[PDB]
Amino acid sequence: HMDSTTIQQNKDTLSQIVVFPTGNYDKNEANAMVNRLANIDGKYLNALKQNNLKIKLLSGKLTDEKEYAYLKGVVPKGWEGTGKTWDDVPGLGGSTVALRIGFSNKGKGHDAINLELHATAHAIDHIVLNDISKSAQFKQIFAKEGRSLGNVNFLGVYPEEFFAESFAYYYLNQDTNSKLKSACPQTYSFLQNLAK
């Protein structure tokens, strides 16, 4: 099991994959985002580094970055009916991770319990776990437990989003971990076995 030494090792690993902005920005909040990511099991973080994943922390909009300019004005998958486009999205995950500094908490342009953990969970799912959220086993769990964490007409509709949000509950803090264990016991056991 993880302990404070593992977390310090995780902070070192994250310092090697996180890309910070230059100039003025909320530097302490960016570092606080890293410290929340350091609670993720080190096995996942090590694998992200081995796969040369970069976690970009941004001081502006995602589409202000050169590599995401192509998404300007594009409606993200799953955002139909929001009235919004990628210009408004505070974080993305998958093959890359890009996150607006300061927008971590639920309601800051998104409804994840925590922006960076949800987005990094997607990257782990896709890059490290070969899209395990789409596996027959996780889909079976998702069908039963996917509506137990609120936002039921979004988390309960997309298995990849329920996976990422459950992962964020598991690792954000002790209260969200305990809440997940009570609300989604099969998902909790699934995530616990994954980190063995």
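Start at 1 with the first residue shown and count on from there.
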Identify the stretch, either 164 to 172 or 47 to 55, whose C-alpha atoms have the larger mean B-factor according to the entry. 47 to 55
Comparing 95 to 103 with 76 to 84, which has the greater mean CA B-factor as deposited? 76 to 84
Highest-ranked of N35, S148, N28, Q137 once sorted by CA temperature factor in the record: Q137
Using the B-factor values recorded in the entry, state whether the Cα atom of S4 falls in the lowest, middle or highest third among the modelled residues of its chain. lowest
If you rank every modelled residue in this chain by C-alpha B factor, which third holds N10: lowest, middle or highest? lowest
Within this chain, which third does the Cα B-factor at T22 fall in: lowest, middle or highest? highest
Among modelled residues of the same chain, the CA temperature factor third for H126: highest
Can you tell me which third, lowest, middle or highest, the CA B-factor of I40 falls into for its chain? lowest
